[PDB]
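A.B. asks:
Residue numbers (the deposited numbering), protein chains in the order written: chain C, 3 to 23, 27 to 252; chain A, 1 to 20, 29 to 252; chain B, 2 to 252; chain D, 3 to 252.
In structure tokens form, the structure reads like this:
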């Protein structure tokens, strides 16, 4: 049941899945001209189905960029598979993490772009940009988000992640306050501090963002883009609550 | 080269630093062994061979991991399958990535709560697993051995050496400190987290601090590190310089 | 489609586990389980790809700590991924494998062989706590260099591995061979390409045909019962295969 | 370290160095054919030896000019390394027996846009220069689907496990210069693994039509000089496999 979150001729932003059946994980795909961009593609456990859902929309040889927000252990199993099935892809991972690439069968880094802490920009043959923005400590030590200025969509990874209730999945947040309880425990335990959340929001508030797309949970649209950014900005998380940790 | 080293010993309780970037530690107590962050699948044939060489692998009874991935999560199923009597200690935050590593039976998995726990040994001695979250991992722990008075600190106090110039002990803190500063400023989450950790840790007796990478703190360098780390501006404190 | 009982006398069951369909699909693999007293025996359990659900299907029938023997006919690449997984979830199991390959087990994460039983070329006997036995009989070159079948004298069932294996068509799977000649198109090409020689087929047929066999249970395909048991053994003994066709292979 | 087995300026056959100054496993040979500016790997090592085999190859040729990788049959480990080689040699096609391509998913191989499945009759790799490599049938010697590779320019037969030997503890050597002291390292494996004398004879008779300066096995030492014709005569009369089956069925 794929979905188009944006479409202008050169540029589609796609929300694939799901199935009927592990947490729920989302898969997103950007089509721009004759190249594809994978966002946090599924690791080895889910790999047969994610790859077929992908080959179903775009030639796997036209995948030209694969971006990883961070080193989840269930995405890290898949780097070598994606590398070996998408010969034309560069793989983008944080430079903090590239030393572990041998430990995954990656010994040649000629298609590995280690992202600097300040971030970077992917430029495509069409002439459109993707912005990989710093998002460190939310939650991983080296962590990034991806902003598509053509589509006006922020791929947030685990920022805005939610875990659904028992068989009550849904794809879009149209009522923020009823969505928040699926979010709150994860964000307080995992996000490093309110200082980190305020800095990240103050940065994403300068981009034109119609939709925030997390890696788990529902896609934020409409009025929940504002509401999530406010809630996140004032959130006490992580070290702010570290006396209840350790306790 | 790589003769083993004894950091503590009385006949009944030994704390060992194995030879060969990454350090390997082994606590022997009575007839139990305790592995501390043993190497993952790439180093496994000789790390496993080096341990079996000091202690029978069926008397390994506890394997402790400060935090998860990839230097060591390649190895959890291997250590599980070659140490039939071991319990594996890992943060509860990560135990449901365990299927994705072929670990489907969790009857020998001890998921550590955020407040930590204690390993009690048949001898009646204890090991204290103390919280160290956000230094650097979201779920992170250190191990305190009260008999030997040694803190196994994981990456807290880690150093990356120059060239082929590794050494085992920091006997001069200030000449060692530059090998530490970049890592700790980039990785440790905030000074608030370092200050909270030092204040709990400094209530214990610590003759040595043993990190997972780098040199072991002994002598007066143990106090110098705890005071330096307590005042360290790290991580989110430098976040406008991370960002740009 | 549920699990099925091929034999039961109170203390001894031979189980043919049901299929999930849920295609998959090519072709399906069978899982069998022998329960004797309070101990279980797995026959060629699936490797790592099928392992989560294969393991749950077994755990639903028997406590995995009661599995005490795991037998592999031969060294399919589908199963060697799972040897370490089964070792770790069946703490009391010894696994029986061919000695030709016991030295290459490190390449699959198996370094301690205190629960590895290397089967010599003669075969061996699994003795069960009750005092019943399973007989591991030689089946070398049908097809792999080191290969075995398992004969259950209590249940009168031969677990044949790949001998008698069949590949089903798209949506035409079925559990039992009640019409041998209709089953033959699903079997014949494989056996002619894989089984090494008619000389090997004759030796194996003459050995197994001295045992009392109500059913033949292969690792892929349908279970032979009734008249198909002796029809299959007769077909197999006269089969021209493998090196007997080597001028047609080479060309 | 690496060795040159043939050279005419434009065509080489390499016997790559090993290992490892000290022994590991009980180990294997790696071969490399250079023709024009394109490379051919012969049974490159699986994942455990992959860091070392990969760097040894990069020392002789850019991994981007590897265009053919040939596998005699499957094991693993050699099947452990296919995904690694596929991902490090962009331009290589992998040649494997058609019996074996169904196990490819179970090793992470999902898109066979770069898999060249060999039919039982064999095939010829045609190189850009116009030279060829002959993939010749060798089925049941020992594996069900099995092939050898013959290089007509270099006059070298890469034999896979045919002619394989396991060395004694710390007495490895690179060349068979005396067949008879080499034979004890070989015969138990061949009598147990090779399917029948009938299979050995057709293969020797097939192979005897080629000019063979040298037989290069995957384990053991390379046959040269008088060992070649000594090996082919021994292998031709060998009682193996099913011929010895009533000791296997007492």
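Heads up, the beta-carbon is just placed ideally off N, CA and C, and yes, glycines get one too.
Could you please tell me which residues of the stretch 196 to 211 of chain B, in chain order, have their CB closer than 7 Å to any CB of chain D?
C.D. replies: So the list reads 197, 198, 200, 201, 204, 208, given in the order they occur along the chain.
A.B. asks: Hey, does residue 229(B) have any beta-carbon neighbour from chain D nearer than 8 Å?
C.D. replies: Taking the first residue of the third chain as 1, we reach residue 229(B) at position 228. No, its Cβ sits nowhere closer than 8 Å to a Cβ of chain D.
A.B. asks: Give, in chain order, every residue of the stretch 116 to 132 of chain D whose Cβ lies closer than 8 Å to some Cβ of chain B.
C.D. replies: From the stretch 116 to 132 of chain D, only 122, 123, 124 have a Cβ closer than 8 Å to chain B.
A.B. asks: Within a Cβ cutoff of 7 Å, which residues of the same chain sit near residue 6(D), ignoring the five residues on either side of it in sequence?
C.D. replies: The residue given as residue 6(D) occupies position 4 in the fourth chain. 14, 16, listed in sequence order.
A.B. asks: Within 8 Å of any Cβ in chain C, is that where the Cβ of residue 90(D) sits?
C.D. replies: Locating residue 90(D) in the fourth chain gives position 88, counting from the first residue. Cβ-Cβ to chain C under 8 Å: yes for residue 90(D).
A.B. asks: According to DSSP, is residue 97(A) part of a helix, a strand, or is it coil?
C.D. replies: In the second chain, residue 97(A) corresponds to position 89, counting from 1. Here residue 97(A) sits in strand by DSSP.
A.B. asks: What number of angstroms, rounded off, separates the C-alpha of residue 109(A) from the C-alpha of residue 237(D)?
C.D. replies: Along the second chain, read from residue 1 onward, the residue named residue 109(A) stands at position 101. Along the fourth chain, read from residue 1 onward, the residue named residue 237(D) stands at position 235. When rounded, the distance between both Cα atoms is 46 Å.
A.B. asks: Compare the C-alpha of residue 157(C) against each of 213(C), 147(C), 12(C) and name the closest.
C.D. replies: The sequence position of residue 157(C) within the first chain is 152, counting from 1. The shortest C-alpha separation from residue 157(C) is found at 213(C).
A.B. asks: Counting only beta-carbon atoms, is residue 141(C) nearer than 8 Å to chain A?
C.D. replies: Along the first chain, read from residue 1 onward, the residue named residue 141(C) stands at position 136. For residue 141(C), the answer is yes, since a Cβ of chain A falls inside 8 Å of its Cβ.
A.B. asks: Between which two residues does the alpha helix (DSSP H) carrying residue 34(B) extend?
C.D. replies: Locating residue 34(B) in the third chain gives position 33, where the first residue counts as 1. Note, residue 34(B): premise wrong, no alpha helix (DSSP H); beta strand (DSSP E) at 33 to 37.
A.B. asks: With a threshold of 8 Å between beta-carbons, can residue 86(C) be considered close to chain D, or not?
C.D. replies: In the first chain, the residue the question calls residue 86(C) occupies position 81. Yes, residue 86(C) lies at the interface with chain D (some Cβ there is under 8 Å from its Cβ).
A.B. asks: Give the interface partners of residue 252(B) over in chain D, defined as CB-CB distance under 7 Å, in chain order.
C.D. replies: To locate residue 252(B), count along the third chain from 1; it is residue 251. Result: 123.
A.B. asks: Could you compute how far the alpha carbon of residue 188(D) sits from the alpha carbon of residue 117(D)?
C.D. replies: As a working note, residue 188(D) is residue 186 in the fourth chain. As a working note, residue 117(D) is residue 115 in the fourth chain. The straight-line gap from Cα to Cα measures roughly 32 Å.
A.B. asks: Please state the DSSP three-state secondary structure of residue 176(C).
C.D. replies: By 1-based counting over the first chain, the position of residue 176(C) is 171. Looking at residue 176(C) - three-state DSSP - the assignment turns out to be coil, as it is neither helix nor strand.
A.B. asks: Candidates 52(A), 185(A), 223(A): which alpha carbon is nearest residue 235(A)'s?
C.D. replies: As a first step, residue 235(A) is located in the second chain; it is residue number 227 there, counting from the start. The candidate whose alpha carbon is nearest that of residue 235(A) is 185(A).
A.B. asks: What first and last residue would you give for the alpha helix (DSSP H) that runs through residue 245(D)?
C.D. replies: The sequence position of residue 245(D) within the fourth chain is 243, counting from 1. No alpha helix (DSSP H) holds residue 245(D); DSSP gives it neither H nor E.
A.B. asks: Count the other CB atoms, across all protein chains shown, that sit within 10 Å of the CB of residue 1(A); report buried if there are 16 or more and exposed otherwise.
C.D. replies: Sequence index remark: in the second chain, residue 1(A) carries index 1 (1-based). It is exposed - the Cβ of residue 1(A) has fewer than 16 other Cβ atoms within 10 Å.
A.B. asks: Output yes if chain A places a C-beta closer than 8 Å to the C-beta of residue 25(C); else output no.
C.D. replies: One cannot assign coordinates to residue 25(C), given that chain C in this structure leaps from 23 to 27.
A.B. asks: Alpha carbon to alpha carbon, what distance is there between residue 39(B) and residue 69(A)?
C.D. replies: Within the second chain, numbered from 1, the residue matching residue 69(A) stands at position 61. Within the third chain, numbered from 1, the residue matching residue 39(B) stands at position 38. One C-alpha to the other measures close to 28 Å.
A.B. asks: Inspect the beta-carbon positions of residue 47(C) and residue 83(C) and report whether they are closer than 8 Å.
C.D. replies: The sequence position of residue 47(C) within the first chain is 42, counting from 1. The sequence position of residue 83(C) within the first chain is 78, counting from 1. Cβ distance < 8 Å, so residue 47(C) and residue 83(C) count as in contact.
A.B. asks: Hey, how far is the Cα of residue 94(C) from the Cα of residue 88(C)?
C.D. replies: For the purposes of this step, residue 94(C) is taken as the residue at position 89 of the first chain. For the purposes of this step, residue 88(C) is taken as the residue at position 83 of the first chain. Between residue 94(C) and residue 88(C), the C-alpha separation is close to 7 Å.
A.B. asks: For residue 62(D), which three-state DSSP category applies?
C.D. replies: Numbered from its first residue, the fourth chain carries residue 62(D) at position 60. In the structure shown, residue 62(D) sits in coil (DSSP, three-state: anything other than H, G, I, E or B).
A.B. asks: Would you tell me roughly how many angstroms separate the C-alpha atoms of residue 211(D) and residue 127(D), rounded to the nearest one?
C.D. replies: In the fourth chain, residue 211(D) corresponds to position 209, counting from 1. In the fourth chain, residue 127(D) corresponds to position 125, counting from 1. The straight-line gap from Cα to Cα measures roughly 19 Å.
A.B. asks: Can a CB atom of chain C be found closer than 8 Å to the CB of residue 56(D)?
C.D. replies: Here residue 56(D) refers to the residue found at position 54 of the fourth chain. For residue 56(D), the answer is yes, since a Cβ of chain C falls inside 8 Å of its Cβ.
A.B. asks: Kindly indicate which three-state DSSP category residue 207(A) falls into: helix, strand or coil?
C.D. replies: Counting from 1 along the second chain, the entry for residue 207(A) is found at position 199. If DSSP states are grouped into helix, strand and coil, residue 207(A) belongs with the helices.
A.B. asks: With distances taken between CB atoms, is the gap from residue 243(A) to residue 175(A) smaller than 8 Å?
C.D. replies: Here residue 243(A) is taken as the residue at index 235 of the second chain, counted from 1. Here residue 175(A) is taken as the residue at index 167 of the second chain, counted from 1. For residue 243(A) and residue 175(A), no; Cβs fall outside 8 Å.
A.B. asks: Determine whether the Cβ of residue 46(C) lies closer than 8 Å to any Cβ atom of chain D.
C.D. replies: Against the first chain, residue 46(C) aligns to sequence position 41. So no, residue 46(C) is outside the interface.
A.B. asks: Mapping the DSSP letters down to three states, classify residue 83(D) as helix, strand or coil.
C.D. replies: What you label residue 83(D) is simply residue 81 of the fourth chain in a count that begins at 1. Residue 83(D) falls in the helix class under three-state DSSP.
A.B. asks: I'd like to confirm the pairing. Which residues does DSSP put opposite residue 186(C) in its beta bridges?
C.D. replies: Translated into the one-based positions of the first chain, residue 186(C) becomes position 181. Paired residues: none, contrary to the question.
A.B. asks: Report, in whole angstroms, the separation of the C-beta atoms of residue 162(C) and residue 101(C), which I expect to be a contact under 8 Å.
C.D. replies: On the first chain, position 157 is the one that residue 162(C) refers to. On the first chain, position 96 is the one that residue 101(C) refers to. Their Cβ separation, rounded to whole angstroms, is 15 Å, which puts residue 162(C) and residue 101(C) out of contact at 8 Å.
A.B. asks: Under the rule that 16 or more other beta-carbon atoms within 10 Å means buried, what is residue 153(C), buried or exposed?
C.D. replies: Start at 1 with the first residue of the first chain, and residue 153(C) comes out as number 148. Residue 153(C) is buried by the Cβ-count criterion.
A.B. asks: Please state whether the Cβ-Cβ distance between residue 111(D) and residue 137(D) is less than 8 Å.
C.D. replies: Stepping through the fourth chain from its first residue, residue 111(D) is reached at position 109. Stepping through the fourth chain from its first residue, residue 137(D) is reached at position 135. Contact: no.
A.B. asks: Is it right to say residue 204(B) is buried, meaning 16 or more other beta carbons lie within 10 angstroms of its own, or is it exposed?
C.D. replies: The count along the third chain starts at 1 and reaches residue 204(B) at position 203. Residue 204(B) is buried by the Cβ-count criterion.
A.B. asks: Return the first residue and the last residue of the alpha helix (DSSP H) that residue 229(C) is part of.
C.D. replies: Start at 1 with the first residue of the first chain, and residue 229(C) comes out as number 224. Taken as a continuous stretch (DSSP letters only), the alpha helix (DSSP H) holding residue 229(C) covers 229 to 238.
A.B. asks: Output the residue ranges of the beta strand (DSSP E) runs that lie fully inside the stretch 98 to 144 of chain A and measure 3 residues or longer, sorted by chain position.
C.D. replies: Within the stretch 98 to 144 of chain A, the complete beta strand (DSSP E) runs of at least 3 residues are 117 to 120, 125 to 128, 134 to 139.
A.B. asks: Would you kindly check if the distance between the Cβ of residue 45(B) and the Cβ of residue 81(B) is under 8 Å?
C.D. replies: Along the third chain, one-based indexing puts residue 81(B) at 80. Along the third chain, one-based indexing puts residue 45(B) at 44. Cβ atoms of residue 81(B) and residue 45(B): not closer than 8 Å.
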